[PDB]
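**Q** There's a structure below that I have some questions on.
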Protein chains: 4
Amino acid sequence: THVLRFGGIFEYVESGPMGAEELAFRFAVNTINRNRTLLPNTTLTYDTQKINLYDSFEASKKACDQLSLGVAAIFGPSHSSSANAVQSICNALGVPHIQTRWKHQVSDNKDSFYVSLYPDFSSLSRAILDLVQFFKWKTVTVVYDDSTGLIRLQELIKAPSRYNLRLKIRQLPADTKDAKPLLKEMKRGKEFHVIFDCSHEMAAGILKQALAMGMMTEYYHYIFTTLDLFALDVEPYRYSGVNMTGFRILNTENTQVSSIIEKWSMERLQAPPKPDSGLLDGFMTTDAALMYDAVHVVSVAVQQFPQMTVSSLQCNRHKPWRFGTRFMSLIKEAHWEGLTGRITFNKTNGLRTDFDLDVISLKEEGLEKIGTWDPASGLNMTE
Amino acid sequence: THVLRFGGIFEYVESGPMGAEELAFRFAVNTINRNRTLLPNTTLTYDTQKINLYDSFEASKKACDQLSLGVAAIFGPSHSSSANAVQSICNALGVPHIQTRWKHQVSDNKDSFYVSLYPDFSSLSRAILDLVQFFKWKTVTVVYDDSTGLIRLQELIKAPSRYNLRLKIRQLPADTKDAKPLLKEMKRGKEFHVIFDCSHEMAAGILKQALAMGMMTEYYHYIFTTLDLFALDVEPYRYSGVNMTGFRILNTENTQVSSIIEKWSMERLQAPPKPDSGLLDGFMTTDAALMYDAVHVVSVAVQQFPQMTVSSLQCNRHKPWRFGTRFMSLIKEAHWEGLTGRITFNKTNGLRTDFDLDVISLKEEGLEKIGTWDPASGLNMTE
Amino acid sequence: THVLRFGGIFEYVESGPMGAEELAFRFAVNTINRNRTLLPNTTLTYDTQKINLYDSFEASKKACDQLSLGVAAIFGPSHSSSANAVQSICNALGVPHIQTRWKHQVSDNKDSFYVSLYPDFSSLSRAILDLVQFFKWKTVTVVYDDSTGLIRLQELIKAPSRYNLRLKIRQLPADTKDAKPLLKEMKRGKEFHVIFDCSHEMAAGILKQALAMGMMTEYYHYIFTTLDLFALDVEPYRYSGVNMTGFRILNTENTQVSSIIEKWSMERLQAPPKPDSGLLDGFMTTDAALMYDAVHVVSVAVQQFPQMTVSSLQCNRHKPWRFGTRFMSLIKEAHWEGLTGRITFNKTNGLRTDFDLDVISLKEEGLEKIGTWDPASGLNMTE
Amino acid sequence: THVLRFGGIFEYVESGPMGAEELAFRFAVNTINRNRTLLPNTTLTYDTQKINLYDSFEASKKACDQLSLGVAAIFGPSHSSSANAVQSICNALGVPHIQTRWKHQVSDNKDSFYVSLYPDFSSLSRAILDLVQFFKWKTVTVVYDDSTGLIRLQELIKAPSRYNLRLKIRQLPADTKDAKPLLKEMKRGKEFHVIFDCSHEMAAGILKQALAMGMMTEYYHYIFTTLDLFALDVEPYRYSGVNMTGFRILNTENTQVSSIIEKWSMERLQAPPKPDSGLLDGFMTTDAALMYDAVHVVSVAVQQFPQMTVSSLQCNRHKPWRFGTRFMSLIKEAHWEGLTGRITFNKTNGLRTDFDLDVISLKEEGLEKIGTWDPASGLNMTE
Ligand SMILES: *[C@@H]1O[C@H](CO)[C@@H](O)[C@H](O)[C@H]1NC(C)=O
Ligand SMILES: *[C@@H]1O[C@H](CO)[C@@H](O)[C@H](O)[C@H]1NC(C)=O
Ligand SMILES: *[C@@H]1O[C@H](CO)[C@@H](O)[C@H](O)[C@H]1NC(C)=O
Ligand SMILES: *[C@@H]1O[C@H](CO)[C@@H](O)[C@H](O)[C@H]1NC(C)=O
Ligand SMILES: *[C@@H]1O[C@H](CO)[C@@H](O)[C@H](O)[C@H]1NC(C)=O
Ligand SMILES: *[C@@H]1O[C@H](CO)[C@@H](O)[C@H](O)[C@H]1NC(C)=O
Ligand SMILES: *[C@@H]1O[C@H](CO)[C@@H](O)[C@H](O)[C@H]1NC(C)=O
């Protein structure tokens, strides 16, 4: 057999229940080592470690401790500041780094030992621009959460340079969950079409706030850049007539993915979120799905090269892994059809710039897919 | 008494001369320890270390090595990826981290042991917006270089939501400094009023291709976010009739600052003499000036804290510096009349938001000051 | 094999290489000597002399010294006063005088033993007038350098009487090359269509001054009366948008002429262009081309007239040359397809009023022929 | 005693005895010697040679023959082509040259042994411009015969660049006195104000065709740049009501000048002017006056240089004249006052630029003096 171990750095929430990404990582390794189809002899081992996600030194220490122990891959923390340091450590010591969240990559950063399964926001911004094109929008407003959102929507912000759009870029107030003043100053300008660049939780929050204000009508259209739009309590919004739209990468249409999501929902019920939050119950966040997909993709990559040996690399001396370049290359060339559709990393840099999105809009019966999106092909509306 | 040591994580050069920031750090250390008035019974010693600035692991190792011996304050690197890791290390070990270049601040980063002397772009973008309001501009063409530039100037991009401006965001090519297609696109669109978010090295090149494209005429107006506009060889452009507004925080109008600049030029024994870069020769860059001011500000803060003994801190066992809190508080509330002017740091965060800018513009006799921008009083552009 | 001597007077260069005209004369003599098709049973030798080009006494003394030896034709100086003196001497002694530069001949002069190869500025100025008609110009500013430029383009100056133009004649500042005040006056007068009458060196200087003055835009159109427009380094102006226009008599399009130009450039190896001069390196000026063509035309003329034993001509005795009349008639009626196209001398006067010009213009890909001009056919502007 | 003789080169004529220039030269030579006040012990002797004025070889040979004999100074030919050769010979041999007619000056010709008594056509053109500004002209038609007229009236032609004058440059037909087509073109062009740069005989002819065309009305103003306008037969136009205007340097309004002119007219009894020519009778043209004044200027210069024993310079080998430099300085520093008013030579040029004109216009009588022009003050229009 094998004692292959994957390193995982996740958020530390002592007061609350276990995190979604870490629980999905455990679920994925359990599925991999239980299903007698992938990695028959190899059995995955847990090396979960918890950090605060906002202290790069703690994450660096945890990653160095993991690499000192037997670890074949690092599943990076979902924060830019921590993940940058973690991938720098991994690149220096040659261990592959896997990221399941978007991190702003510096153009001059010469790091090669990292692959991110979150869809690249260049392609996602192109998809949002294609949505804006399809609706014949002229004057639009963008409402982002963090300054990095401007980076996440640069291919859409740059559109008026070449297009005839009219961006009215706004931002939700920081350190405050109240989006009421922004909506108040937004209604005065008659902003019919709005693009929201916030997380699904705060997207639901601002939707509830707008409904309390009576903002949305039959004449208001919303596009959400979050991929967790399907996991929203849209029942208060069924017949309101709002033209809500968004993207979704979790391939819930496939029966296998649906069964996996249902098993996730029934297994993850120790401490569900509060019902008065605006999110459903039988749902899987796209970050958990991407963690599952990442574990499976790394399992596929290691399957083709079974002669690996797990080392005890130390951070004190830069010792590249004996098999770190080959494993990294196979991970970058690994293809797998999983929860978030087809996974294919770009060869130039390790990112998912080729993915299959589904455009889900608010019909009269919940949120239903109205087409697909493929970077090679473009918008594929069928209805 | 005893000697006092400072951190010196700087750029690494293969075979060329030391960088401007490193030389400014050394020059400042020499200035304080050669001056009787500043720290009479105290000697300043430098511990400069060279890194790639794009290897967060290398920066972390250098910071840990410096803190393993006596270092009282780390003047961290000049890149976001490395500066974040060094800042996290300094916060964990309770040593002040003084940074002289801009870096995106995460909204949920709980870091208290860091001071930035770069004029906060939250205020400098407001200054650019005040200029474009002064010139009665109804359409601008904000042009940036790196995606982080969007994070830099966000208070200027959110202007159409409150003003009647028309922004056309554009990005310079990343493959090479060949902006001729971009300048041709700007010329075709009759976009005369342009804002450049670049560096002086890149701004000089962009001006060169703008002259090559005939874009420097009596109709075009360029506003530069660079604070090194005075360091541009504007002889070919001064007679073109084009007015190129900008800013300058380096208080070159003062006589002590001018003398220090002259000494800097005299001691600069290795400068690029190539007559094709578009930059002048006898001028101190704003980054070197900010590093000089950083050393001086930390010197002033040290003078207010006698009996401060520097200990040896190990990254393996997280043990905060005993004198870190008092020294950090003294650095935060430190006022100094340095080369960049008044140096007062904000109290809530560590950023420098209150600074005295000097708006400059290009006339037939060169680049000359045409006013002064102050956050408290706005633009005092009355000549 | 009858021997033959060709007299020539050229500029005296105190140091370095000799003038381009003397090099062209020597190269043409060598080419005729090595070619057996031209002048088969004969030979050509040269008797080059050097003068200041401004001392008519020196030119007269050199011409008399050459006439003391047996010379068949004198290739006189390229300056008005010295050329006039040598032409009078040759007309008195009966030997032909071959001149390749424009020189004002007074109306009542009766000299017959002289022929000119420079395109007469009564047909060429008519070509600039035809270009002005084609461009539909209504306001034109003619800018010349020397006082003899008005007498040169007199047919262009006398245009408003017979057409509808707004000539605004201006003169380049004498004793200096800095035309910044003149260009500022032209810009203040909104004079966008300018016809420059200056040498290619001064043309390049004025182009540099206008680029520094912001006059290199799509608004400004410059017509150059110089025939060496191909020798200007238009790298900084091709992308500006100026539609620079001019002529080129040098038949560079031909393969034989291109081969001869390449041979001349390879043989030159002398007088490298100044880095900031603004001219090109491997291009031959039209003056050297006309000297080469003059030697070839006189070789053709003497080919048709064998047994011409050149005798000694005494200036003091003043005995006309025995073969002078018929040899000069043959030169005047000679025909030759040389470097500067077809070389046909007028019958009434010896000037060259019949020539083919290649109207070239500046595009984004450099200068390239855009039409053809012929005194009989007129403009044939077809790109 | 100390005998000094002057050499002169004039026109060769066969019908008339000798030209007016030589008449004035002989009159001056045999007047100064008789007047014992000027040159008490130095008899002036004329050495007259006659040339074709269009053969630079003949003029050069005659000048060399004269310089072989003892000659203090050469009174060069009244042409513009042989005068250049003679002045070059004089400069090379270091002998003063005196020119009484205007010839085109090469910009870079380094000659310092010539003085031109003809009022230079750079102050005369400014006088014409001041005269047309005084009359408040807007449409001006410049007419000339010799192309060199463009070089002469270049300051007048360069007027539209500064002011609003609309110059319409025209040229009289060459080799033909039937100027009717030009006058018809004027009639069809409705050109009312004309500036004639033609000789007095040609001016009278042009006035004759104008009267034949009925163009001597009250709406037609004629400015004549010629200084011999007072010599015209204006009786047939005296009551025509025209506004004919010109200039007059020949100070006829002086007792001594009037007596000298009367004596010259009395001596001129060999060839009366043609009765049917439009010219007066018994008058002295400005060229003869300039020659007479030139001889007196040289006499004043030699007054202070009484030791200049003439030499026997040969043209075969150039030998500078020992007395040439100081005699030339005295020539250029002689403020003699004669028929053409105050005679002062420009130190940096040698030409006469500071002269005193007297504006004359047609009235009920013949050409009364209506003003005075000086280069320093300006147009002193008193009338
Ligand atoms: C909103 O607009 C979309 C765009 O076609 C449409 O499919 C949807 O039915 C609309 N919803 C309404 C009108 O409630
Ligand atoms: C959409 O996708 C299908 C298959 O996924 C493909 O055959 C088709 O060409 C695409 N485009 C359109 C417009 O249907
Ligand atoms: C001069 O600067 C002003 C800014 O007040 C600008 O509006 C104008 O276009 C400039 N003039 C030029 C570029 O000729
Ligand atoms: C602007 O500056 C001038 C000169 O420094 C000063 O007199 C004036 O009071 C200032 N105005 C302000 C600060 O509002
Ligand atoms: C050619 O010149 C005209 C001006 O007559 C100008 O309008 C046009 O743009 C020019 N063509 C170019 C620059 O390609
Ligand atoms: C212009 O030149 C072309 C040759 O390219 C010729 O065919 C055409 O006839 C010419 N047009 C004239 C002479 O009008
Ligand atoms: C002009 O002529 C008058 C004639 O009386 C004279 O008094 C005056 O001094 C002259 N000059 C000026 C500048 O008026």
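Residues displayed in chain B correspond, in order, to Swiss-Prot positions 33-415.
According to its header, the structure was obtained by electron microscopy, 3.1 Å.
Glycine is treated like the rest: Cβ placed from N, Cα and C.
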**Q** Among B:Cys96, B:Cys122, which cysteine is annotated in Swiss-Prot as forming a disulphide with B:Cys347?
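**A** Here Swiss-Prot pairs B:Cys347 with B:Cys96 via a disulfide bond.
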**Q** Going by Cα-Cα distance, which of the glycosylation sites (B:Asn67, B:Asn378, B:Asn412) sits nearest to B:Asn275 (N-linked glycosylation site)?
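**A** Result: the closest of the glycosylation sites to B:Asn275 (N-linked glycosylation site) is B:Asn412.
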**Q** About how far apart, in whole Å, are the alpha carbons (Cα) of B:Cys96 (disulfide bond) and B:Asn73 (N-linked glycosylation site)?
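**A** Roughly 28 Å, rounded to the nearest whole number.
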**Q** Long-range same-chain neighbours of B:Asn73 (N-linked glycosylation site), Cβ under 8 Å, sequence gap at least 6?
**A** B:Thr33
**Q** Compute the C-alpha separation of B:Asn412 (N-linked glycosylation site) from B:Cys347 (disulfide bond), stating it in Å without decimals.
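**A** So the Cα of B:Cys347 (disulfide bond) lies 49 Å away from that of B:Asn412 (N-linked glycosylation site).
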**Q** Including all protein chains displayed, how many Cβ atoms other than that of B:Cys96 (disulfide bond) lie within 10 Å of its Cβ?
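**A** Summing over all protein chains shown, B:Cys96 (disulfide bond) has 19 other Cβ atoms within 10 Å.
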**Q** If you count, for each of the glycosylation sites B:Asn275, B:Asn412, the other Cβ atoms lying within 10 Å of its Cβ, which residue has the minimum?
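**A** Per-residue Cβ counts within 10 Å for the glycosylation sites B:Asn275, B:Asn412 bottom out at B:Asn412.
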**Q** Going by DSSP, give the three-state secondary structure for B:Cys96 (disulfide bond).
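**A** B:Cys96 (disulfide bond) sits in a helix per DSSP.
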**Q** Let me check the 10 A CB neighbour count of B:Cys347 (disulfide bond). How many other CB atoms are there?
**A** 20
**Q** Based on Cβ atoms within 10 Å, give me the single least packed residue among the glycosylation sites B:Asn67, B:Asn378.
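**A** Relative to the other glycosylation sites in B:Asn67, B:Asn378, B:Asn67 has the fewest Cβ atoms within 10 Å.
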**Q** What's the CA-CA gap between B:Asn378 (N-linked glycosylation site) and B:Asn67 (N-linked glycosylation site) in angstrom, rounded?
**A** 28
**Q** From the recorded positions listed here (B:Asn73, B:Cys96, B:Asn275, B:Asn412), select those whose CB sits under 6 A from an atom of ligand 3.
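**A** Going through B:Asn73, B:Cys96, B:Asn275, B:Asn412 in sequence order, those close to ligand 3 turn out to be B:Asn275.
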**Q** In Å, rounded, how far does the Cα of B:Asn67 (N-linked glycosylation site) sit from the Cα of B:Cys347 (disulfide bond)?
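**A** Per the Cα atoms, B:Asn67 (N-linked glycosylation site) and B:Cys347 (disulfide bond) stand 34 Å apart.
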**Q** Please check the glycosylation sites B:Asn73, B:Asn378, B:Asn412 against ligand 4 and give me the ones with CB under 6 A, sequence order.
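**A** So the answer is B:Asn412.
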